[PDB]
Amino acid sequence: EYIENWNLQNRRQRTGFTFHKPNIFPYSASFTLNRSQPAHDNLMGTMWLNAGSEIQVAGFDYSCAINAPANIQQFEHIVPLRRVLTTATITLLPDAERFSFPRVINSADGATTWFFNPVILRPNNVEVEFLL
Amino acid sequence: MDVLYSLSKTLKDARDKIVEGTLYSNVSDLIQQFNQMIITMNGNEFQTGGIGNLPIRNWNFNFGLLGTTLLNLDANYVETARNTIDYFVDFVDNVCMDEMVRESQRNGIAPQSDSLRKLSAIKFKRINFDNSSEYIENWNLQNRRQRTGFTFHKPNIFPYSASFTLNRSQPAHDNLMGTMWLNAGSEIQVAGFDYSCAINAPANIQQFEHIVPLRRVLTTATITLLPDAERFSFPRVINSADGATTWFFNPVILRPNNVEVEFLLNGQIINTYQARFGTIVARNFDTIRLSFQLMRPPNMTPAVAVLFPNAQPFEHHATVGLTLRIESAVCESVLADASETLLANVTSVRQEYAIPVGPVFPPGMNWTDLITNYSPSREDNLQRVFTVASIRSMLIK
Amino acid sequence: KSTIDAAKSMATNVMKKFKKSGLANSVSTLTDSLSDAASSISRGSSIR
Amino acid sequence: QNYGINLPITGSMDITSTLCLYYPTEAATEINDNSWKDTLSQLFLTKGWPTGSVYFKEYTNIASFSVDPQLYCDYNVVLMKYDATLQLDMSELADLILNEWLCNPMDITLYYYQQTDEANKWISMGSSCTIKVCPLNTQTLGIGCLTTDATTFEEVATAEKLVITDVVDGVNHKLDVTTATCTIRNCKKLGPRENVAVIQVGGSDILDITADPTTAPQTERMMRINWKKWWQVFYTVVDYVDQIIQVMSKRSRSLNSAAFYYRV
Amino acid sequence: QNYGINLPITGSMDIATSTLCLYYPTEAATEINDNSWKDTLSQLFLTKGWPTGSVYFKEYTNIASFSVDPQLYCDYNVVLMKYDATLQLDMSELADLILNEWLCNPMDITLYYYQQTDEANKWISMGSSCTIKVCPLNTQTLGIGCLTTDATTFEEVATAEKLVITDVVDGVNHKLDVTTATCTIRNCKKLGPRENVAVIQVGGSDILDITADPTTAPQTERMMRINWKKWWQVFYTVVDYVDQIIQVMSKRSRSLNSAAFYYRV
Amino acid sequence: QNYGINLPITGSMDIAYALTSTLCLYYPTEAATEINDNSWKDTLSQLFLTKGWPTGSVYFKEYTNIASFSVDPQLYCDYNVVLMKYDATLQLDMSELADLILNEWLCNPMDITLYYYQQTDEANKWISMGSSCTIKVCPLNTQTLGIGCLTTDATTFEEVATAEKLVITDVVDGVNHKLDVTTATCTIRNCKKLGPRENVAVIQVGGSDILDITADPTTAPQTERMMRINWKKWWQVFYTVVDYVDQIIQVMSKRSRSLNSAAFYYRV
Ligand SMILES: [Ca+2]
Ligand SMILES: [Ca+2]
Ligand SMILES: [Ca+2]
Ligand SMILES: [Ca+2]
Ligand SMILES: [Ca+2]
Ligand SMILES: [Ca+2]
Ligand SMILES: [Ca+2]
Ligand SMILES: [Ca+2]
Ligand SMILES: [Ca+2]
Ligand SMILES: [Zn+2]
């Protein structure tokens with residue numbers, strides 16, 4: 001495979017390496033808070049782990065969209081890749097098992113710690129877009 | 001199909017072995033095969049495409065035979081071969097795409113494209129070379145009606161289904177009991193829950209069963225069995241059975257009791273494992289039966305006796321679980337799996353060229369629907385398109 | 001049939017209940033739904 | 001419509017009511033307006049309850065209300081006035097009206113009675129319930145009492161309007177209740193009654209609706225509010241009727257599909 | 001929940017603690033004139049196979065008195081009804097009430113006009129003395145053969161009855177005049193049968209019309225009849241053949257509240 | 001520096017990040033009378049210094065009663081701890097005071113002689129404070145006519161407070177009301193509950209936990225800042241407060257509104 005791709009590249013033709021679980025996502029584990037207070041008692045935002053060949057994302061809202069318009073809170077997560085992937089088989093499942101247990105996280109600037117006691121609901125209007 | 005595979009194999013060997021400086025003895029047999037291919041294909045005209053956005057292409061063959069009078073190949077020989085190889089590779093690519101984007105309700109195994117039907121003639125049999133690849137080997141074996149077999153890593157044999165059954169329930173959803181499962185790809189996660197924690201059950205044991213029938217018979221499968229359902233072990237708000245309300249599930253995980261995993265064929269227990277977790281082997285089966293129990297702990301510390309009361313306000317709901325992953329298996333029929341890319345290739349070609357929904361496959365090659373209703377016609381068409389995709393992948397990457 | 005003595009405004013009598021029937025409510029609901037959809041750029045993707 | 005059988009219900013993960021409001025006569029006395037029921041009806045109408053769907057029931061005391069408290073309504077909300085000396089009475093009333101009891105007759109002058117398990121109790125209601133119990137050993141002789149003489153019996157209630165008695169399970173007892181002014185029934189607690197909610201006014205959340213001493217569960221339908229004006233109490237109830245209803249639920253026994261499962 | 005009522009049950013055509021209430025009139029106890037007869041019957045039921053403390057004996061003075069809001073207490077109810085030639089309608093009404101499942105709503109006659117929707121809709125009135133007089137109203141809410149203001153012109157359908165099941169013409173509004181002080185009237189619908197209760201009639205002929213339809217006079221399995229001359233013999237018959245009576249009955253129809261009707265506001 | 005906007009804050013879940021304030025302690029005159037020591041404030045100041053509070057940072061505020069303290073309880077202090085004595089007959093007064101000093105309220109004026117008033121949301125209340133509040137309300141139907149009351153005659157109004165130093169009235173939302181407050185002594189404001197006030201904590205020194213600071217009858221939350229102790233000696237109470245000041249401060253937090261990042265968000 002590798003020598004033939006080498007020769008193809010030198011001949012200036014299309015190459016391709018087939019990967020099983022490609023490590024295309026740089027390791028990242030972080031959260032973004034769209035609504036926040038110093039006390040971290042009422043938060044809305046997302047948390048994510050992009051690792052190897054997996055993306056786990058979880059949008060959380062402490063008020064459960066009580067005051068949101070139409071009682072719906074929208075969450076987005078964009079993962080750009082460093083190289084274009086073709087003919088990819090993907091498994092998409094509706095729960096982020098990594099963000100479904102109580103946690104004590106450290107604040108964005110590291111000053112303090114905040115609590116995350118999740119209760120899992122079904123994700124509504126799930127859209128996954130693959131863009132080139 | 002065999003002739004198309006031979007064309008692809010000959011071109012791959014030509015690209016790999018015909019390199020500058022190589023000894024002619026390293027290529028002589030391949031050169032004989034390549035000249036045979038040129039002689040056979042000369043003077044024939046082919047047409048591909050015309051379905052969806054796939055462009056119409058016309059192919060004409062008039063090529064000179066590659067030389068056979070050198071000791072070591074030089075730049076001249078490689079340059080002369082490369083143009084022929086490029087044209088043939090493009091022809092094979094287009095034939096494969098044109099065959100992949102087609103399907104038929106009746107005789108789905110038969111070639112569907114004009115180019116492949118032409119190649120199925122008897123004049124083209126002179127190019128067969130060697131059918132080494134797994135998919136072409138199984139194609140020939142199935143044509144002879146010998147026994148085929150495809151090895152899959154994490155086979156996709158369970159259509160995605162997340163559901164729950166409530167054996168006990170009430171409008172308030174305070175005292176539920178039942179099971180809750182996800183079957184997806186190669187994994188089964190099943191949790192049996194009881195809000196009362198078997199306080200009133202006979203012998204303080206609640207029984208749970210989960211039956212997953214496979215669409216095809218799997219053989220010599222390595223399974224991984226683990227004693228918890230991580231997916232079903234955190235607080236959830238879940239829509240009711242009829243979708244008219246929501247209920248609350250607040251699990252506390254206990255060890256599943258009297259776990260019994262049966263792999264059954266034609267209703268007969270082929271493999272049975274009791275209280276054994278980790279790597280297990282199922283030699284031949286078509287149904288998986290997981291039986292487990294929630295046993296109320298006979299002895300409890302105060303911190304548990306508090307969790308499990310006698311009255312209705314059950315705040316923590318006892319739950320047991322099981323996870324079962326099919327690491328690797330063998331099937332007589334074709335399937336999607338984690339390692340390979342044939343389904344992705346077929347779906348990619350169809351999406352790229354906007355192939356209209358035909359009468360066999362579900363729209364967009366939805367694997368869930370396909371495996372859910374894996375009819376004989378769908379199996380035939382899917383094997384055909386997967387074999388063509390393998391032939392194509394030999395040259396295109 | 002006969003338009004018995006001093007037949008009233010039958011068309012208006014019919015319409016009085018027609019405009020309250022369930023079909024009228026469904027028409028009003030459809031119109032309100034389309035109006036809200038045209039009004040709610042802000043919601044964006046808040047309709048199933 | 002396959003009534004009487006329990007069939008598993010499978011669900012997929014990837015996808016005209018009447019309200020009764022019970023209040024003590026003290027509330028009406030303080031309100032001192034005879035149009036207050038109509039006023040509250042109109043306020044409920046603003047909250048969405050059509051006129052005539054809200055019924056107002058008046059009881060003189062917890063003692064009087066405890067005598068066979070029938071609650072006929074799709075939703076019931078009882079305003080209970082807290083008194084520090086009536087903690088057990090309030091608890092018994094709440095236990096009787098927040099749970100579903102299946103009661104059988106008791107003929108104390110003809111049979112000895114024992115409680116079969118933790119869900120079994122003896123519920124006595126009447127003008128004056130005075131229950132005395134004599135436990136019997138396996139030979140049908142009193143333990144600490146003499147069956148023939150009722151003075152030696154152990155008294156577990158006195159002039160009680162409502163009493164829930166819980167004797168040791170598995171042992172027969174001879175009862176000496178005042179059947180003239182009391183009726184005692186051998187009852188079993190089936191489960192919660194989602195139809196009814198209790199709002200205590202005053203006090204400090206003192207209600208044990210479980211005979212188990214190890215648990216004093218505080219269900220969502222048990223609420224407590226600090227008060228000084230009954231008008232403010234009623235305004236609070238009207239304004240938060242939505243939350244109260246959401247806390248409550250339709251009566252499972254009332255609903256169809258309860259046929260042949262102790263309906264209503 | 002639904003209990004899966006909306007789901008089918010498939011079966012194969014080849015596969016292979018309760019309590020008993022006995023209602024009796026005071027006449028029976030008077031004739032027996034024994035203080036220990038209830039204990040004797042309990043022991044005989046024990047021999048039959050009923051655990052001691054499972055059989056209860058309820059007494060009523062008369063059919064009319066017992067008709068005032070009857071109470072069904074046990075898992076199985078057996079009512080011994082003595083036949084009187086002048087009480088055929090009363091026996092029929094009591095049997096209908098305690099053998100059929102009724103769903104009753106309140107009626108406020110003093111503020112509304114009422115009508116019976118369907119054949120299952122009757123008006124059940126109970127109390128110390130029910131006296132229902134009716135005035136049918138035409139489409140213009142005016143009395144037919146009666147003056148709505150004046151009740152003396154109304155048509156009398158019950159007189160000092162302890163229990164009445166009134167059946168008026170469906171689809172016709174009626175103004176009702178009843179003695180609400182000594183009687184309550186409810187708009188009831190017959191849901192169906194109640195296999196929890198059985199009636200053994202001691203005395204005369206087979207006279208029990210538990211259907212308002214005049215063309216139908218069903219005699220269900222729970223409507224038994226015997227000829228009697230001694231109440232001891234009657235009770236011996238009941239005790240000896242309890243198994244047959246229980247087989248005819250079915251305890252699943254037992255209600256939670258023991259009232260003869262399901263009340264809805 | 002970008003005040004008034006809400007820019008998302010991004011932080012990492014896998015990074016390790018290896019005194020100046022002022023405390024005010026509010027107590028009733030009963031405490032001082034029982035202690036009966038002139039230098040008790042100085043003694044507590046020295047003990048707080050031992051615990052780590054520089055001298056001059058602990059203020060001791062005295063109120064005569066819960067009723068008197070309820071009249072405009074101004075607490076300007078980085079941390080505030082209010083020791084309130086339980087009384088069986090003042091449960092609603094204690095709850096009102098706790099709600100007022102434990103939640104943030106945005107209040108607008110109310111001229112009841114020009115306007116009818118309706119509460120538009122569950123977080124909107126009418127908070128009235130003063131020497132003597134006597135609130136009498138008349139709900140009005142859509143014709144601006146009283147329901148169960150006469151718009152012209154106040155004596156028919158329905159009374160929801162009588163000589164209350166502090167009261168938080170909650171009427172049925174969405175319906176207009178005509179009020180008859182005794183404005184000669186008491187002032188009423190239309191207030192909205194923004195959220196919790198982290199500056200203040202209340203320690204009930206006495207009976208059971210009866211405070212509920214939510215109008216909603218279905219919930220009676222018991223937050224971190226609502227503490228409760230038993231007592232027989234005010235010296236023991238103050239020793240407990242001093243010894244566990246660290247726990248109290250940890251339960252509390254600096255006032256979010258007064259943080260210099262709340263500029264253009266209803267403070268600074
Ligand atoms: Ca004694
Ligand atoms: Ca009592
Ligand atoms: Ca007991
Ligand atoms: Ca009669
Ligand atoms: Ca007449
Ligand atoms: Ca009729
Ligand atoms: Ca106050
Ligand atoms: Ca008034
Ligand atoms: Ca309000
Ligand atoms: Zn793998």
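Any value given below was found using the heavy atoms of this structure, including those in side chains, with hydrogens, waters and symmetry copies removed. The chains referred to below are lettered A, B, ... by the order of the sequence lines, with proteins before strands, and numbering in each begins at 1.
- The heavy-atom pair separating F:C186 from F:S128 by the smallest distance is SG-CB, 3.7 Å.
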(request) In sequence, state the C-alpha distance, the side-chain angles, and the governing distance for F:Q204 and F:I229, and then conclude on side-chain contact (heavy atoms from CB on, under 4.5 Å). (result) CA-CA 6 Å; F:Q204 170 182 342; F:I229 70 179; over 6 Å; no
- Task: For D:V264 and E:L256, run side-chain contact (heavy atoms from CB on, under 4.5 Å): C-alpha distance rounded to whole Å, both residues' side-chain angles, the deciding distance at 0.1 Å, then the answer.
- Result: CA-CA 6 Å; D:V264 177; E:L256 194 75; 5.8 Å; no
Determine all donor-acceptor pairs shorter than 3.5 Å in which one atom belongs to a side chain in residues 166-181 of chain F; sequence neighbours excluded.
from	atom 1	to	atom 2	distance (Å)
F:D170	OD1	F:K125	NZ	2.8

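- No side-chain N or O of F:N108 forms a donor-acceptor pair with one of F:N190 less than 3.5 Å apart.
- In this structure, the side chains of D:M80 and D:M90 come closer than 4.5 Å at one or more pairs of heavy atoms.
- Note on residues 73-87 of chain D: pairs passing salt bridge (charged side-chain N to carboxylate O under 4.0 Å, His left out), not counting sequence neighbours, are D:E26-D:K81.
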Practice item. Output, in order, the C-alpha distance, side-chain angles, deciding distance and verdict of side-chain contact (heavy atoms from CB on, under 4.5 Å) for D:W227 and D:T236. Key: CA-CA 10 Å; D:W227 77 295; D:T236 307; over 6 Å; no
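- Looking at heavy atoms from C-beta onward, F:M129 lies in side-chain contact with F:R189 at the 4.5 angstrom threshold.
- Note that the CG atom of B:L307 and the NE2 atom of B:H317 stand 11.0 Å from one another [nearest 0.5 Å].
- Looking only at side-chain heavy atoms (C-beta outward), F:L102 and F:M226 come within less than 4.5 Å of each other.
- Side chains of D:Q70 and D:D68: a donor-acceptor N/O pair is present below 3.5 angstrom, by distance only.
- Between D:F56 and D:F44, the ring-plane angle classifies as tilted under the 30° and 60° cut-offs.
- For the atom pair CG (D:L19) and CD1 (D:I245), the distance works out to 5.0 Å, reported to the nearest 0.5 Å.
- Between the side chains of F:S256 and A:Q37, no donor-acceptor pair of N or O atoms lies under 3.5 Å.
- Side-chain atoms of F:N65 never come within 3.5 Å of backbone atoms of F:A67 as a donor-acceptor pair (strictly under, hydrogens ignored).
- For the atom pair CG (B:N239) and OG1 (B:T245), the distance works out to 8.5 Å, reported to the nearest 0.5 Å.
- The closest side-chain heavy-atom distance from B:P235 to A:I120 is not below 4.5 Å.
- Considering only residues two or more places apart in sequence or on other chains, F:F157 meets the ring-ring contact (aromatic ring centres under 6.0 Å, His included) condition with none of them.
- D:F234 and D:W36 have their aromatic ring centers within a separation under 6.0 angstrom.
- Counting only residues at least two apart or on different chains, the salt bridge (charged side-chain N to carboxylate O under 4.0 Å, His left out) pairs with a member in residues 224-245 of chain D are D:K47-D:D239, D:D205-D:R224, D:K228-F:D93, D:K228-F:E164.
- For residues 192-203 of chain F, the pairs satisfying salt bridge (charged side-chain N to carboxylate O under 4.0 Å, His left out) are F:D99-F:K193, with sequence neighbours left out.
- In this structure the side chain of D:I199 never reaches within 4.5 angstrom of the side chain of D:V78, judged on heavy atoms.
- Using a distance-only test at 3.5 Å, with no hydrogens or angles considered, no donor-acceptor pair links the side chain of F:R225 to the main chain of F:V202.
- Taking CD of D:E220 as the reference point, atom CD1 of D:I244 lies at 13.0 Å (rounded to 0.5 Å).
- F:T223 contributes atom OG1, which lies 5.0 Å from atom CD1 of F:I213 (distance to the nearest 0.5 angstrom).
- At a cut-off of 3.5 Å, with distance as the only test, a side-chain donor of A:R35 or A:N42 sits close to an acceptor on the other residue.
- At least one side-chain heavy atom of F:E158 sits under 4.5 Å from a side-chain heavy atom of F:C149.
- Listed for the F:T156 side chain is a donor-acceptor partner under 3.5 Å among the backbone atoms of F:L150.
- To the nearest 0.5 Å, atoms CG (D:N195) and CE (D:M248) are separated by 6.0 Å.
- A:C64 pairs by the disulfide bond (SG atoms under 2.5 Å apart) definition with nothing, not counting sequence neighbours.
- In this structure, the ring-ring contact (aromatic ring centres under 6.0 Å, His included) partners of F:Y63, at least two apart in sequence or on a different chain, are F:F69.
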*Show your working on side-chain contact (heavy atoms from CB on, under 4.5 Å) between B:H173 and E:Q1 and close with a plain yes or no.*
CA-CA 8 Å; B:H173 294 267; E:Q1 201 189 353; 4.1 Å; yes
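- By the side chain to side chain donor-acceptor pair (under 3.5 Å) test, F:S95 is found to be paired with D:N226, residues two or more places apart in sequence or in another chain being considered.
- For A:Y62, the ring-ring contact (aromatic ring centres under 6.0 Å, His included) criterion is met by A:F60, not counting sequence neighbours.
- Atom CD of D:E30 is surrounded by more than 12 heavy atoms from other residues, nucleotides or ligands within 6.0 Å.
- The two atoms that bring F:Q91 and D:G203 nearest to each other are OE1-O, 3.3 Å, heavy atoms only.
- Across F:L75 and F:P73, no two heavy atoms sit closer than the pair CD1-O, 2.9 Å.
- Side-chain polar atoms of F:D216 and F:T218 form a donor-acceptor pair below 3.5 angstrom.
- Side-chain atoms of D:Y235 and F:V137, non-hydrogen and from C-beta on, do get closer than 4.5 Å to each other.
- When side chains are defined from C-beta on, D:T18 counts as touching D:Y55, because their heavy atoms get closer than 4.5 Å.
- Within 6.0 Å of the OH atom in F:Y115, the count of heavy atoms belonging to other residues, nucleotides or ligands does not exceed 12.
- Evaluation of the side chain to side chain contact (heavy atoms under 4.5 Å, CB included) rule for F:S208 yields D:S204, F:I210 as partners, not counting sequence neighbours.
- Minimum heavy-atom separation, D:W49 to D:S17: CZ3-O, 3.5 Å.
- In this structure, D:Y240 has no ring-ring contact (aromatic ring centres under 6.0 Å, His included) partners at least two apart in sequence or on a different chain.
- The backbone N or O of B:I238 sits less than 3.5 Å from a side-chain atom of B:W247, completing a donor-acceptor pair.
- Residues satisfying the side chain to side chain contact (heavy atoms under 4.5 Å, CB included) test with F:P109, not counting sequence neighbours, are none.
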Set out, in order, the CA-CA distance, both residues' side-chain angles and the distance that settles side chain to side chain donor-acceptor pair (under 3.5 Å) for F:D212 and F:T214, then state yes or no. CA-CA 6 Å; F:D212 76 318; F:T214 65; 4.6 Å; no
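- Across F:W105 and F:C191, no two heavy atoms sit closer than the pair CE3-CB, 3.7 Å.
- Heavy atoms only, all atoms of each residue included: F:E104 and F:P196 are closest at CG-O, 3.7 Å.
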